[PDB]
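Here is the structure we will look at.
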Amino acid sequence: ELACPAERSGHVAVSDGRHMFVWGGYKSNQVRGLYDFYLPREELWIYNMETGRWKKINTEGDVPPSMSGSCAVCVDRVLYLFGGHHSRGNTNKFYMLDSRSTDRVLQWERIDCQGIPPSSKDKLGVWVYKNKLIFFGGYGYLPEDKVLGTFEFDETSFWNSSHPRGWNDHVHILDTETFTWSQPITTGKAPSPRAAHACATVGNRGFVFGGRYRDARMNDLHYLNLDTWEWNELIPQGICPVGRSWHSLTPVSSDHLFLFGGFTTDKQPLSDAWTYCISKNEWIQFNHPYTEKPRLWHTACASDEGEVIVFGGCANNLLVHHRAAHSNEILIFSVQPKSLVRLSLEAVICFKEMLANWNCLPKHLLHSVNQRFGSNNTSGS
Amino acid sequence: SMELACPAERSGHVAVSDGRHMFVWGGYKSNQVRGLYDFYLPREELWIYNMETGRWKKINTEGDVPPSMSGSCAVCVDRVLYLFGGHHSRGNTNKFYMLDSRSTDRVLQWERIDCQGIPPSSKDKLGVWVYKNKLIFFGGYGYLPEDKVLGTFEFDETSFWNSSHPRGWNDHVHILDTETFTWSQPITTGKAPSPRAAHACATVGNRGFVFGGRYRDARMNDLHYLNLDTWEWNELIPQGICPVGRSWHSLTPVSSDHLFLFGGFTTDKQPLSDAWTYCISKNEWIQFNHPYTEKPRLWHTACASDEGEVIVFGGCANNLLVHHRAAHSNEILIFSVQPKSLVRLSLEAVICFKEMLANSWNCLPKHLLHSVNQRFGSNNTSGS
Amino acid sequence: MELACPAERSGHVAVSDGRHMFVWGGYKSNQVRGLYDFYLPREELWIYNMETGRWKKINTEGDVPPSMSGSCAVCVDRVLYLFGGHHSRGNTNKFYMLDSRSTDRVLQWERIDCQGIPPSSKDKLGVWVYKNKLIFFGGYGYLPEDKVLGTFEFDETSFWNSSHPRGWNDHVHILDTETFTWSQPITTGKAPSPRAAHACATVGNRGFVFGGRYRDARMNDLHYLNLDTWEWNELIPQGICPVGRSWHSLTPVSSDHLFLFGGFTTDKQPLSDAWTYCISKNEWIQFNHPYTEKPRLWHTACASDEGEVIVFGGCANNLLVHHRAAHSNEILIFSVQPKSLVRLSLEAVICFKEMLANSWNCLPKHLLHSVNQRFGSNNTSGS
Amino acid sequence: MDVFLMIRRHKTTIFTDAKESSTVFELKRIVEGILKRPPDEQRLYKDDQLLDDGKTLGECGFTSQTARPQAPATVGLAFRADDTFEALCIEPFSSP
Amino acid sequence: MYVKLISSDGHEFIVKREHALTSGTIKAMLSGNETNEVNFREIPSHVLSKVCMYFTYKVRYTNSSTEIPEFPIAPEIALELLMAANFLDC
């Protein structure tokens, strides 16, 4: 039985190069077009993209609630989780899960971090500099403490919430080891307060792209140089993408970034792909056979074989919950090309399916297989 | 923002209802600091869930407060809560408590009553019916009473392991006449059932229905009803397929011909989420359909609305006997076993189209809009 | 000192002449780290007497095969013949010969490039022996290289778990070892679905095939092949047939009766049940023995000349998780043919140890060798 | 654009990248720089067809889609061509 | 810069070294610029030609937003391609 998951958006999915861990999320209920059905609390839909399959497990411990819009990383196969918007509002607690253990059931653990906490908010960006996590931006409630950055309230949240929200550009260092909050002084022109913005990590350079300042959805590119805390706005030459939101700037190489999808101000979901070169400093458009599938609030993650794999998203708009029709498809975008293991894999699936067909197959050199097989002898039975 | 009105996740609380305002009090939780002992709630804490608007409300009370209960028997007659029984960190209690919840302009006060006659034993896990001006109490895990009490009572052996004071199952019938505030005991006739705790009770007219329970090492599920005028016990054997034998499950009357069952705990200690409904005229079990069957519950408190809804509050998803990993829940589950009025559908028609018709959201009548705005819409993408 | 058992493992190959079981190969989950799999080494041969009962370690020379996680072998005229198997470099299909008749010399392997169309590298297959011909059925492995009779279906998850997709086949190959020629007979009749993790049994000029896991479904249906007319025939038996399962084993206990023991079900549960098939009554009658609380999977079975089912190997618990692979190495003995008068004399002496130690010392020389060899270790003695 | 080259003669083949406006002289210079010998003594063959040496590869019919890296067209080579251009004898690959 | 390679049937071959930096078996076999003289006994010339061609493709289509095309594999050379993948592991 192939465990097909429920169609969803808002889930967090993290990649070590072998597994996306998919957790949390919400969906539009197809039976009841009245309220958005939040997904179950314990569900981990782990999709191996190297062995391309689904495996759902259940977790234990100090379990956080049903999150749609959180911020999660996976450092040395360890989940860290912050922020998000459960069914009664937003949170600002910190949670940790160990994904290295396979013998025992996975136990969550809430960690009360020392230092000044941020506000309860979601839709923010992360960059990972060694053991430190810098948190930037987002949408949510007002900052309770004296927090660096500019908070600007959304007016229409006044017409749709008991407590009004707004965007920010607040940076926060959380340590992964000592669990210390700190908040350094940044330099340069800090960008606009925004939500559904794109974060990408090369070195100590963190790139933020896109988002929706006020109600407009643009396409400006900024980067923070975290060793110097310097904000620089970078406008690339040549052709450029249009203004969008809900796009994941997933890196594919140390010179080259990949972007899938988008969502314009007119509330249209985009079905185009772009790549960016840092050294040429140029966006250039990618041609792909998934131009019929626009996705927003999706998870586009990086594999070790140079494939950007997208799970989730909605084929139409996500604003009206009755108009939301989610998707659970797996989308492959290999800007970095496929490997010889994968060209052997399309050599079998297209040209050996109907084929039954020289009797000479010896072997001379030994132990040249140890990055190929893995779990090999228990397969097929 | 400020902390919204949300009660803590728990198991073993007491929810009573007048059909319009549910009162939730007592219960306990697993302590996340250290799971060796179980954390108990503070004893002044009333929670009010409005089922028409769907909101919680914190209430402080004065008076002779009860201790921290972990499962007690209570009623909400004439918007007046009457509490009896329960288990606590001091032990078990048979003190009768009164909380006048009819005062809206005044804060509520407690009053412990030393009722006359022979009071019953200190006990928990029991059921109740309200007939005319009389409160009638049935069953209970608990002790032996101090005087002669009609009915049978068998000690549990395993309680002899876990506490100096040993409890056990009974099927005693007691009457508190609250016009005289006097205990009395009527004559029990008919084929009396086994002694049981964790028995689900309901009041259908002049009858009381008892389903399921625990006796010896068996979680039974036979069905009985006792008349409240002739005092005659009648054991009913229903047709169709029966729901699996189970304990720790509620059962409320949803109409004068129909009853509802959710949840349970199989004797093999497996948590249940199968929904059933019962027809007393057909004497028949129908397995009910709802999309809430993917989560099971322990000590799931159901209450009957005046709009025909089964409202479930609280529940342990996994094994409660694993108390150090007890996944307590504080999620309201609304089951539609009876169809709603257009008032409710009209508020649904408001609650569907929000961003298109936020002016009609802002231009309702004041109780209507309060109810509509009561819903704390889960905004996760608004503003992006 | 040297009463050391063979190590606990899974995927070994054990063959029988009726008197001396040959056990060779296999791998185990490592006790330091349970994720990777340590293959038990390729020079190691074990001989376990199935009558007297003991283990013998022989190092092997020649054109040595690599360690195998499961292969196919027969013992014809006390000569071992090996084909297939999966090694740490992946699957193999080289034909190996190990002449076990040389008791005066140490044993030498010989890898033989046979003529004709050999099948592709694979494993989890079955075999019959008819006259001089060794006939090979089934398998999970790679694509064959020439025109090979039978069909092939590629397993989907094999596509995911390596760059080598392995699929199941219902291929049949005759190795004529007098000429050492691969050949293929004509497949007539209703051929089975392409499957592996099955078992095979030989009744005279007939071949029985039981169970297996096509795709993910671990069916245990029965199929029948003539070894003279080459006609396939699916039999639907009466009685209560055994549950669908893979990783089981069959031995012929008699010319009218077949035996079956344990396995691994479709919903991932081991098995410790035992069944007996009657071909004249065509009936599956359940066999009772006090070893039904110990479930093993892919556990080898051998039929003795005196009529005992002797089972070695088989992971005690699950194996699809590698870190919980609790392998075993204990001998299970089941009697289906009754105990003979020579064997009643053998129990008459082996059962009275302390009361008849004088009768232990007063026995013929091979008998005493079998009695002082069968040493139940003394927990009770000492104080 | 980018045009990629097969050069096949006598169980030797040469993979070489170039541009569309590159002449046959520039690829002659780079094969002189690889194999360390005179490049003026060789002849190119578009399946036995001599090209003019001053012609750019846009005029030679070698485009990027025709000479894709994963699927490219070839030329043969013939050293000592001089006047007696070496007759082309490409030994092909073996049977699968 | 350009490295010599011998197939099973004796076909000589010359390799761009920056196209040859991807596969680890050859870079651990040769130099494990510098022109090496290495040899193979088993793998034929047609499936090897695909290997080097694949590398050039691999090198040309790395880090660009052009449409990366599908590569046609003939079914007669696909068994030797799975053989070459087993004996290369690129």
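Ordering of the structure tokens sets the chain letters (A, B, ...); residue numbers start at 1 within each chain; ligands are numbered from 1 in the order shown.
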
Determine, counting only C-alpha atoms, which protein, DNA and RNA residues have an atom within 12 Å of an atom of residue 65 of chain E; residues of the same chain fewer than 4 positions away are not included. Present the result as JSON, numbers by chain.
-> {"A": [252, 256, 257, 258, 259, 272, 273, 274, 275, 276, 277, 282, 283, 284, 285, 286, 287, 288, 333, 334, 335, 336, 337], "E": [60, 61, 69]}

Residues at most 7 Å from residue 48 of chain A, counting only C-alpha atoms, excluding those fewer than 4 positions away in the same chain, as an NGL selection string?
-> :A and (18-20 or 52-54)

Backbone-only DSSP, strand (DSSP E or B) members of segment 118-287 of chain B, as a ChimeraX atom specification | /B:123-124,127-131,134-138,141-142,153-155,168-170,173-177,182-184,189-190,197,200-204,207-215,218-227,232-236,239,251-253,258-265,271-279,284-287

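Proximity to residue 354 of chain A at 10 Å, evaluated using only C-alpha atoms and with sequence-adjacent residues fewer than 3 positions away removed, yields residues 349, 350, 351 and 357 of chain A; 151, 152 and 153 of chain C; 75 of chain E.
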
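For residue 204 of chain C, the list of residues within 9 Å, based on only C-alpha atoms and with local chain neighbours fewer than 4 positions off taken out, reads residues 129, 130, 227 and 255 of chain C.
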
Shell of 7 Å around residue 245 of chain C, only C-alpha atoms, local chain residues under 2 positions omitted, as an mmCIF file with N, CA, C and O atoms, in the first residue's frame:
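Wrote selection.cif, looks like this:
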data_model
loop_
_atom_site.group_PDB
_atom_site.id
_atom_site.type_symbol
_atom_site.label_atom_id
_atom_site.label_comp_id
_atom_site.auth_asym_id
_atom_site.auth_seq_id
_atom_site.Cartn_x
_atom_site.Cartn_y
_atom_site.Cartn_z
ATOM 1 N N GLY C 211 3.929 -20.433 -2.160
ATOM 2 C CA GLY C 211 4.036 -19.049 -1.718
ATOM 3 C C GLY C 211 5.004 -18.092 -2.378
ATOM 4 O O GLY C 211 5.624 -18.426 -3.386
ATOM 5 N N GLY C 212 5.128 -16.890 -1.820
ATOM 6 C CA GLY C 212 6.036 -15.890 -2.351
ATOM 7 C C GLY C 212 5.421 -14.505 -2.357
ATOM 8 O O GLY C 212 4.222 -14.323 -2.159
ATOM 9 N N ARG C 218 2.296 -11.055 -0.183
ATOM 10 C CA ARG C 218 3.014 -12.294 0.110
ATOM 11 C C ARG C 218 2.097 -13.503 0.017
ATOM 12 O O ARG C 218 1.802 -14.141 1.025
ATOM 13 N N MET C 219 1.648 -13.820 -1.192
ATOM 14 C CA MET C 219 0.775 -14.972 -1.378
ATOM 15 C C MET C 219 1.515 -16.265 -1.080
ATOM 16 O O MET C 219 2.732 -16.329 -1.217
ATOM 17 N N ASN C 220 0.804 -17.307 -0.661
ATOM 18 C CA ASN C 220 1.454 -18.599 -0.429
ATOM 19 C C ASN C 220 0.775 -19.689 -1.242
ATOM 20 O O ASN C 220 0.753 -20.852 -0.839
ATOM 21 N N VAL C 243 -1.585 -19.904 5.858
ATOM 22 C CA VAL C 243 -1.743 -18.483 5.545
ATOM 23 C C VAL C 243 -0.697 -17.971 4.563
ATOM 24 O O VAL C 243 0.432 -18.461 4.538
ATOM 25 N N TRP C 247 9.325 -16.173 3.039
ATOM 26 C CA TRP C 247 10.414 -16.586 3.916
ATOM 27 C C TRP C 247 10.050 -17.861 4.661
ATOM 28 O O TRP C 247 10.289 -17.971 5.863
ATOM 29 N N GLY C 263 7.356 -18.665 8.724
ATOM 30 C CA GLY C 263 7.370 -17.735 7.608
ATOM 31 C C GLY C 263 7.240 -16.287 8.029
ATOM 32 O O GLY C 263 7.419 -15.954 9.204
ATOM 33 N N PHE C 264 6.926 -15.417 7.077
ATOM 34 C CA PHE C 264 6.774 -13.996 7.366
ATOM 35 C C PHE C 264 5.593 -13.485 6.557
ATOM 36 O O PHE C 264 5.635 -13.512 5.324
ATOM 37 N N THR C 265 4.553 -13.008 7.244
ATOM 38 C CA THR C 265 3.268 -12.742 6.605
ATOM 39 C C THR C 265 3.283 -11.431 5.819
ATOM 40 O O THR C 265 4.263 -10.679 5.811
ATOM 41 N N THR C 266 2.152 -11.174 5.150
ATOM 42 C CA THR C 266 1.983 -9.976 4.331
ATOM 43 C C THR C 266 1.862 -8.720 5.188
ATOM 44 O O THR C 266 2.374 -7.657 4.814
#

Show me a table, sorted first by chain and then by increasing residue number, of the residues of chain D having an atom at most 9 Å from chain E, each with its shortest atom pair and the distance in Å to one decimal, counting only C-alpha atoms and written as CSV.
residue,atom,partner,partner_atom,distance
D:2,CA,E:60,CA,9.0
D:4,CA,E:56,CA,8.8
D:10,CA,E:11,CA,8.4
D:11,CA,E:11,CA,4.7
D:12,CA,E:12,CA,5.1
D:13,CA,E:13,CA,5.9
D:14,CA,E:14,CA,6.1
D:15,CA,E:15,CA,7.2
D:16,CA,E:16,CA,8.3
D:17,CA,E:56,CA,9.0
D:34,CA,E:2,CA,7.2
D:68,CA,E:57,CA,8.1
D:69,CA,E:57,CA,4.9
D:70,CA,E:57,CA,5.6
D:71,CA,E:71,CA,8.1
D:72,CA,E:53,CA,8.9
D:91,CA,E:11,CA,8.9
D:92,CA,E:46,CA,8.7
D:93,CA,E:46,CA,5.4
D:94,CA,E:45,CA,6.4
D:95,CA,E:46,CA,8.1
D:96,CA,E:77,CA,5.7

Given a cut-off of 6 Å, which residues of chain C touch chain A, counting only C-alpha atoms, written out as an NGL selection string?
-> :C and (89 or 144-147 or 160-163)

Can you check which parts of chain B lie within 8 Å of chain A? Per residue, the shortest pair of atoms and distance in Å to one decimal, counting only C-alpha atoms, sorted by chain and number, as CSV.
residue,atom,partner,partner_atom,distance
B:1,CA,A:141,CA,5.8
B:4,CA,A:88,CA,7.9
B:32,CA,A:62,CA,7.6
B:325,CA,A:61,CA,7.2
B:348,CA,A:34,CA,7.3
B:351,CA,A:34,CA,7.2
B:352,CA,A:34,CA,5.2
B:354,CA,A:160,CA,8.0
B:355,CA,A:160,CA,7.7
B:358,CA,A:159,CA,7.0
B:373,CA,A:162,CA,7.7
B:376,CA,A:88,CA,6.3
B:377,CA,A:161,CA,7.1
B:378,CA,A:87,CA,5.0
B:379,CA,A:89,CA,7.2
B:380,CA,A:85,CA,5.6
B:381,CA,A:319,CA,7.5
B:382,CA,A:319,CA,7.5
B:383,CA,A:154,CA,6.8
B:384,CA,A:195,CA,5.2

Selected residues written out with C-alpha atoms, as an mmCIF file, in the first residue's frame:
data_model
loop_
_atom_site.group_PDB
_atom_site.id
_atom_site.type_symbol
_atom_site.label_atom_id
_atom_site.label_comp_id
_atom_site.auth_asym_id
_atom_site.auth_seq_id
_atom_site.Cartn_x
_atom_site.Cartn_y
_atom_site.Cartn_z
ATOM 1 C CA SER B 1 -1.219 39.698 22.075
ATOM 2 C CA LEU B 4 -6.820 34.049 25.044
ATOM 3 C CA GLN B 32 5.572 18.273 32.222
ATOM 4 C CA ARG B 325 3.232 10.076 28.817
ATOM 5 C CA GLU B 348 -22.716 29.659 9.147
ATOM 6 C CA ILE B 351 -18.912 32.492 8.931
ATOM 7 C CA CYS B 352 -18.144 31.177 5.413
ATOM 8 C CA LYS B 354 -15.648 36.620 5.756
ATOM 9 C CA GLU B 355 -13.275 38.635 3.576
ATOM 10 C CA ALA B 358 -16.673 41.886 6.479
ATOM 11 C CA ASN B 373 -16.852 37.537 16.147
ATOM 12 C CA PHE B 376 -11.202 33.314 16.745
ATOM 13 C CA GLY B 377 -10.533 32.779 13.054
ATOM 14 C CA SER B 378 -7.222 31.005 12.562
ATOM 15 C CA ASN B 379 -5.378 33.500 10.364
ATOM 16 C CA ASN B 380 -2.124 31.983 9.117
ATOM 17 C CA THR B 381 -1.873 33.565 5.665
ATOM 18 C CA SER B 382 -3.827 36.787 6.137
ATOM 19 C CA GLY B 383 -1.482 39.682 5.471
ATOM 20 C CA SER B 384 0.791 37.942 2.957
#

Skip segment 61-72 of chain C itself and residues of its chain fewer than 6 positions away, then list as a ChimeraX atom specification all residues within 7 Å of it, counting only C-alpha atoms.
-> /A:377 /C:11-13,25-27,39-42,82-87,107-111,123-126

Exercise: residue 39 of chain B partners within 8 Å, only C-alpha atoms, chain neighbours under 4 positions left out, as a ChimeraX atom specification | /B:28-31

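Here atom CA of residue 38 of chain E stands at a distance of 15.8 Å from atom CA of residue 51 of chain E.
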
Could you give me, as a Markdown table, a per-residue list for chain E showing, wherever an atom lies at most 9 Å from an atom of chain C, the closest pair of atoms and their distance in Å to one decimal, using only C-alpha atoms and sorting by chain then residue number from low to high?
| residue | atom | partner | partner_atom | distance |
| --- | --- | --- | --- | --- |
| E:79 | CA | C:145 | CA | 7.4 |
| E:82 | CA | C:164 | CA | 7.2 |
| E:85 | CA | C:163 | CA | 8.0 |
| E:86 | CA | C:164 | CA | 8.2 |

Export of the given selection (N, CA and C atoms) as a PDB file, in the first residue's frame:
ATOM      1  N   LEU E  79      21.582  -2.516 -20.484  1.00  0.00           N
ATOM      2  CA  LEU E  79      22.155  -3.514 -19.579  1.00  0.00           C
ATOM      3  C   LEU E  79      23.634  -3.248 -19.327  1.00  0.00           C
ATOM      4  N   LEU E  82      23.796  -0.227 -17.024  1.00  0.00           N
ATOM      5  CA  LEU E  82      23.654  -0.603 -15.617  1.00  0.00           C
ATOM      6  C   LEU E  82      24.914  -1.309 -15.107  1.00  0.00           C
ATOM      7  N   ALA E  85      27.343   1.634 -14.681  1.00  0.00           N
ATOM      8  CA  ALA E  85      26.974   2.305 -13.444  1.00  0.00           C
ATOM      9  C   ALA E  85      27.429   1.525 -12.223  1.00  0.00           C
ATOM     10  N   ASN E  86      27.328   0.187 -12.268  1.00  0.00           N
ATOM     11  CA  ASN E  86      27.864  -0.669 -11.210  1.00  0.00           C
ATOM     12  C   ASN E  86      29.380  -0.577 -11.114  1.00  0.00           C
TER      13      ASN E  86
END

Please return as a PyMOL selection string: the residues of chain D that backbone DSSP assigns to helix (DSSP H, G or I).
-> chain D and resi 24-35

What is the distance, in Å and to one decimal place, between atom CA of residue 292 of chain A and atom CA of residue 43 of chain A?
-> 29.5 Å
